[PDB]
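Worksheet: one structure, shown below.
Number of protein chains: 2
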Amino acid sequence: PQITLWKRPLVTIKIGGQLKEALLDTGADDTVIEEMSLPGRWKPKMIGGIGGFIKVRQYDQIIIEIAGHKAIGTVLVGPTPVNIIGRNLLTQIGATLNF
Amino acid sequence: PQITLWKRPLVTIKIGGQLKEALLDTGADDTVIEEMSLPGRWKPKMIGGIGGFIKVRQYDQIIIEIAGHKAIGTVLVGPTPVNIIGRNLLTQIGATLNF
Ligand SMILES: CC(C)CN(C[C@@H](O)[C@H](Cc1cc(F)cc(F)c1)NC(=O)O[C@H]1C[C@H]2CO[C@H]3OCC[C@@H]1[C@@H]23)S(=O)(=O)c1ccc2nc(NC3CC3)sc2c1
Ligand SMILES: [Cl-]
Ligand SMILES: [Cl-]
Ligand code: NA
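Chains as they are written, first to last, in the deposited numbering: chain A, 1 to 99; chain B, 1 to 99.
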């Protein structure tokens, strides 16, 4: 698909058995999801952006389905204002920016 | 171009006759650049990032070149950690996300 950018590029994802809405975000290195439980081990991380840093839990080798495309990678979980699909998973679904 | 996302999608921009690096950011509604001097009047804006809100200066109808593509639109100036080209200007250069 081709997603224009007139509006936020929001898609449905499936993660942890849950459906969520998330932003396809080429400015995010990593994928950051609002608070939820995920299985397996995790470690803490700080991530920073506008307004400063938040603490998140880093879960590795998490399968996600992004607009119907499965991928695996690291997911950060914490108090993000919006669920973000970052480049670590955008690459896996073959997403590119074109102009 | 077709820009893959294995590395950050950084490009050169030109604003006020000066070259700067900036991130093509589909998760940004607006374009936010570090402190610099721009002509004309500005208006206040608050923007909420991952860490909280910051105050920026909004300048409208600013001439800006992004990766060689000419745009004229709103630039927010403030203490952002990275220069980000958001959707208001990504749309002017005809960018889409594709997968
Ligand atoms: C600022 C940018 C360099 C990085 N951000 C990604 C952005 O696309 C971010 C995504 C995001 C959208 C949103 F709606 C609310 C958020 F909290 C975060 N946009 C804004 O901050 O927009 C804000 C700044 C202005 C841009 O125009 C408007 O857009 C919407 C909201 C705001 C204004 S981020 O969310 O802070 C982000 C995401 C993952 C990520 N991964 C990291 N990994 C390793 C280095 C540590 S750091 C990191 C930071
Ligand atoms: Cl990953
Ligand atoms: Cl590729
Ligand atoms: Na794991």
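The beta carbon of each residue, even a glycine, is placed where N, CA and C say it ideally should be.
Inset, instruction - Can you give me the start and stop residues for the beta strand (DSSP E) that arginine 57 of chain B sits inside? - result: 52-66
Inset, instruction - Could you tell me the distance, in whole angstroms, from the CA atom of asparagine 88 of chain B to the CA atom of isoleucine 66 of chain B? - result: 12 Å
Legend entry - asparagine 88 of chain B, enclosing alpha helix (DSSP H) - first and last residue: 87-90
Legend entry - Residue range of the unbroken beta strand (DSSP E) whose run includes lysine 20 of chain A: 18-24
Legend entry - Reduced DSSP secondary structure (H/G/I, E/B, other) of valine 82 of chain B: coil
Inset, instruction - On a CA-only basis, which of A/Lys14, A/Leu76, A/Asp30, A/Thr12 is nearest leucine 90 of chain A? Give me that one, please. - result: A/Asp30
Inset, instruction - List the DSSP bridge partners of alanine 71 of chain A. - result: A/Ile64
Inset, instruction - Identify, in the order they occur along the chain, each residue of the same chain with its Cβ nearer than 7 Å to the Cβ of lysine 70 of chain A, setting aside the five sequence neighbours on each side. - result: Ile63
Inset, instruction - Compute the beta-carbon to beta-carbon distance between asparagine 98 of chain A and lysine 20 of chain A, rounded to the nearest angstrom, for a pair I have assumed lies under 8 Å. - result: Contact flag wrong, Cβ pair sits at about 26 Å.
Legend entry - Residues sharing a beta bridge with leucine 10 of chain B, DSSP: B/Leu23
Inset, instruction - Let me know if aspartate 60 of chain B comes out buried or exposed under the rule of 16 or more other beta-carbons within 10 Å of its beta-carbon. - result: exposed
Legend entry - Buried versus exposed, by CB contacts within 10 Å (16 or more), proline 9 of chain B: buried
Inset, instruction - Could you work out which residues of chain B lie near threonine 31 of chain A, taking near to mean beta carbons separated by less than 7 Å? - result: None at all; the shortest Cβ gap to chain B is about 11 Å.
Inset, instruction - Would you tell me roughly how many angstroms separate the C-alpha atoms of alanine 28 of chain B and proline 39 of chain A, rounded to the nearest one? - result: 31 Å
Inset, instruction - Give the secondary structure of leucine 97 of chain B by DSSP, where H, G and I count as helix, E and B as strand, and everything else as coil. - result: strand
Inset, instruction - Let me know if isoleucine 50 of chain B comes out buried or exposed under the rule of 16 or more other beta-carbons within 10 Å of its beta-carbon. - result: buried
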